There are 4 protein chains.
Amino acid sequence: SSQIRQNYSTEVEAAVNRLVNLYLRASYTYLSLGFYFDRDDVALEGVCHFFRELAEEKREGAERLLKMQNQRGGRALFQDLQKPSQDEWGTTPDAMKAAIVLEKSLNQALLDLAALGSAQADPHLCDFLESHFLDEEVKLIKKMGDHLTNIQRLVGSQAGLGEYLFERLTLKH
Amino acid sequence: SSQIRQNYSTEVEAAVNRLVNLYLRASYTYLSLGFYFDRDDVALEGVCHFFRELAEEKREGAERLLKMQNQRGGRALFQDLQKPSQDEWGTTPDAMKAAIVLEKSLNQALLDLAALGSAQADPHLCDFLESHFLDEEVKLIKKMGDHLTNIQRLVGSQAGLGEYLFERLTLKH
Amino acid sequence: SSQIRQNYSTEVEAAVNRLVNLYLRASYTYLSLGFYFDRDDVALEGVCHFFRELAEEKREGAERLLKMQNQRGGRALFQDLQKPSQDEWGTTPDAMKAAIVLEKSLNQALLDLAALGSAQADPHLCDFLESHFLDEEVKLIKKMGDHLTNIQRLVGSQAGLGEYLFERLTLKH
Amino acid sequence: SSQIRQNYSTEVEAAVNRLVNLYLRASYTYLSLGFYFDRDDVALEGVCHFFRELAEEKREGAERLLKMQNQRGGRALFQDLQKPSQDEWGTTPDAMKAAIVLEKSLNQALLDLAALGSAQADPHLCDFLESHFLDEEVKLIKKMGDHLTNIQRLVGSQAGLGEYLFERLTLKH
């Protein structure tokens, strides 16, 4: 039951639950990406840390959504978290490309929820999504695109050398 | 006169004045609630302080609206502030329920103004309302619902004991 | 490939992957438990925080296992994370009982891995499991049993009052 | 003579003496590796320091074993320290490979002693070996494998450039 629910549609409530699942799935994907780069036969620790920090960010996104669900008087419903799409993630550009695909899919889900909010005349969604979700997503995707461009520039020259240099000189330690 | 008014409809200007009256009326209601709980035959000071702090918040809301009215080149018009709906506010759950009804009515007024802003293509209202009003309202109502649930849980067990414990252990001192 | 794997059986490698899945599933279960207690019609925030902190601990356990998997030259393989067993978790004693069942199942999995390590003459597992896993589990289960005993003592007297008092006076804020 | 020896087999006592010799031999090998990289016609100082620090670690391991030998009432017996297997150590990947072979041989000796401890029902060996020896060895070998993977990635691109970059950007100064 809820004594507080007001102007909160069943459609939005369901979309929010779906988005929680998407963020948690993304977090899981990033966990797998991070540990792949920590393999002794891959050993690019800056990439390990980059993806692990993304896993944390996506889990935090999911938690923000769940907190909002309860604030509005909606009810969290969890579904299975499907395993990541790959067991091994190939080269650094392969992984960065996969990350961008993943982020674009999350962004589209956010765009769809924003549209739904407008269609349902639910202006709280405007405050909720605009900064911590939509703006963060635009910023993250820009950073990922920038990273992809740098690694592509580097591996065009020499692949092994390029991947090492990117990990040492772009990624944080 | 105004040398600055731009894209600010008479409808929005009027709605803003009405909302000022609603916030001030809410502030007045909370003043009465607070002092009721300070009666020597009620004597639940945590509840006194909870409602007095709400009275302050609602007055602050009204002042934010009036500042915005002037920023846009609209003109503040004040009306009588109707006395609160009750002279005595019953039990703690009675009062918390009354507070929630009051807050839901303010929230609906905010929702109506947000809708009007969209209908009038007045995007400044989006920035203005989203955080200090719509988000604050969602957060406040969640807190009130949580409080009501706790006091209901307690007075289901034993009323006197329950009201005392809630005031001592949930409410701030 | 691995250039480092030594004395690390395929059986242990598989068991470790299974245990990662179990820890992540437990983390997910605790996420659901925590948010259930944050519902406006439940509103027991000490219980919210207790389970959320457990969710963090279980995720940390999974990450420790994955780090060890790579240290040994094994290969992480992720599977679907099955949704928690319930959508709503009943009373505080209901939830604490469910937590204990969950923890006992993790503990049994740890016991099985310890046995396997001994059977495979893999003494690194002795150092790895003993403190951060086996000892932490014993300590956690003792705390949970203590909590269950306290809430049972309280709800035997008066249920609503008992659950409120436990949340206020035992659980951390 | 000893007035303290209890549950300490002659087999374990002998194995411990052998392991002291193995650690000291490893320390000696690392001394030679370090100074090879300090040759003016090699001049990779990060590699000098990496191997010198390993020489220190192995000597410390030997000293820990000797302290334990006396704590148990066993008697240290020293044998000749055979000279390292090479006078010159080739390329950085050549040396890193040689280090890994060396470490795997020490690890196997530790595994054998752990097995012997279990066979002799000598549980003090469990506490003694688990962290400072078995866990340290797993961690060290992971680091070495990671290093080998990075240098292999680099020298696959361009050997001279690769060895220089690894020394400058991976190894500590």
# chains A, B, ... in the order shown; residues from 1 in each chain; ligands from 1
>>> interface_residues(of="chain B", to="chain C", cutoff="8 Å", atoms="only C-alpha atoms", output="PyMOL selection string")
chain B and resi 142+145-147+149-150+153-154+156-158+162+169-170
>>> write_last_selection(atoms="C-alpha atoms", output="mmCIF file, in the first residue's frame")
data_model
loop_
_atom_site.group_PDB
_atom_site.id
_atom_site.type_symbol
_atom_site.label_atom_id
_atom_site.label_comp_id
_atom_site.auth_asym_id
_atom_site.auth_seq_id
_atom_site.Cartn_x
_atom_site.Cartn_y
_atom_site.Cartn_z
ATOM 1 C CA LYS B 142 7.798 10.646 1.727
ATOM 2 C CA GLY B 145 4.238 9.075 5.024
ATOM 3 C CA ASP B 146 7.155 7.314 6.783
ATOM 4 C CA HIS B 147 6.263 9.166 10.020
ATOM 5 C CA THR B 149 3.486 4.585 9.158
ATOM 6 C CA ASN B 150 5.705 4.585 12.281
ATOM 7 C CA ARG B 153 2.594 0.921 13.920
ATOM 8 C CA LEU B 154 3.151 2.256 17.451
ATOM 9 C CA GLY B 156 -1.689 -0.075 17.066
ATOM 10 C CA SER B 157 0.294 -1.596 19.946
ATOM 11 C CA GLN B 158 -0.458 0.951 22.769
ATOM 12 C CA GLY B 162 3.302 4.733 21.213
ATOM 13 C CA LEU B 169 12.871 8.388 19.365
ATOM 14 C CA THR B 170 11.869 9.573 15.879
#
>>> residues_around(residues="residue 105 in chain A", least_positions_apart="6", cutoff="10 Å", atoms="only C-alpha atoms", output="PDB file with N, CA, C and O atoms, in the first residue's frame")
ATOM      1  N   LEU A  22      18.148  -2.425 -16.264  1.00  0.00           N
ATOM      2  CA  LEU A  22      19.148  -2.030 -17.270  1.00  0.00           C
ATOM      3  C   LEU A  22      20.435  -1.489 -16.651  1.00  0.00           C
ATOM      4  O   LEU A  22      21.548  -1.816 -17.108  1.00  0.00           O
ATOM      5  N   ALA A  26      24.088  -3.218 -16.752  1.00  0.00           N
ATOM      6  CA  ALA A  26      25.249  -2.477 -17.219  1.00  0.00           C
ATOM      7  C   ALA A  26      26.374  -2.590 -16.194  1.00  0.00           C
ATOM      8  O   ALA A  26      27.525  -2.830 -16.554  1.00  0.00           O
ATOM      9  N   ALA A  99      31.386  -0.723 -24.739  1.00  0.00           N
ATOM     10  CA  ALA A  99      30.944   0.208 -23.701  1.00  0.00           C
ATOM     11  C   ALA A  99      30.064   1.306 -24.270  1.00  0.00           C
ATOM     12  O   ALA A  99      29.059   1.672 -23.665  1.00  0.00           O
ATOM     13  N   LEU A 111      16.011   8.492 -22.441  1.00  0.00           N
ATOM     14  CA  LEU A 111      15.262   9.356 -23.359  1.00  0.00           C
ATOM     15  C   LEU A 111      13.809   8.909 -23.422  1.00  0.00           C
ATOM     16  O   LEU A 111      12.893   9.741 -23.356  1.00  0.00           O
TER      17      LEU A 111
END
>>> residues_around(residues="residue 8 in chain A", least_positions_apart="4", cutoff="8 Å", atoms="only C-alpha atoms", output="PyMOL selection string")
chain A and resi 12-13+72-74+122
>>> select_by_dssp(residues="chain C", states="alpha helix (DSSP H)", output="ChimeraX atom specification")
/C:10-37,45-72,92-119,124-129,136-157,159-169
>>> residues_around(residues="residue 92 in chain C", least_positions_apart="3", cutoff="8 Å", atoms="only C-alpha atoms", output="PyMOL selection string")
chain C and resi 47+95-96+151+163
>>> write_last_selection(atoms="N, CA, C and O atoms", output="PDB file, in the first residue's frame")
ATOM      1  N   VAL C  47      16.632  -0.870   9.337  1.00  0.00           N
ATOM      2  CA  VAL C  47      16.635  -2.158   8.635  1.00  0.00           C
ATOM      3  C   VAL C  47      17.056  -1.951   7.180  1.00  0.00           C
ATOM      4  O   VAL C  47      17.819  -2.762   6.638  1.00  0.00           O
ATOM      5  N   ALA C  95      12.224 -11.246   7.664  1.00  0.00           N
ATOM      6  CA  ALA C  95      13.376 -10.853   6.860  1.00  0.00           C
ATOM      7  C   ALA C  95      14.684 -11.346   7.476  1.00  0.00           C
ATOM      8  O   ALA C  95      15.569 -11.823   6.769  1.00  0.00           O
ATOM      9  N   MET C  96      14.814 -11.213   8.794  1.00  0.00           N
ATOM     10  CA  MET C  96      16.023 -11.677   9.476  1.00  0.00           C
ATOM     11  C   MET C  96      16.181 -13.188   9.307  1.00  0.00           C
ATOM     12  O   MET C  96      17.295 -13.675   9.100  1.00  0.00           O
ATOM     13  N   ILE C 151      14.607  -9.417  18.173  1.00  0.00           N
ATOM     14  CA  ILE C 151      13.326  -9.050  17.584  1.00  0.00           C
ATOM     15  C   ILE C 151      12.231 -10.041  18.019  1.00  0.00           C
ATOM     16  O   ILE C 151      11.127  -9.613  18.339  1.00  0.00           O
ATOM     17  N   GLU C 163       8.852  -4.059  16.801  1.00  0.00           N
ATOM     18  CA  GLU C 163       9.598  -3.763  15.568  1.00  0.00           C
ATOM     19  C   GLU C 163      10.145  -2.349  15.536  1.00  0.00           C
ATOM     20  O   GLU C 163      11.271  -2.119  15.104  1.00  0.00           O
TER      21      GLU C 163
END
>>> atom_distance(atom1="CA of residue 82 in chain C", atom2="CA of residue 28 in chain C")
8.7 Å
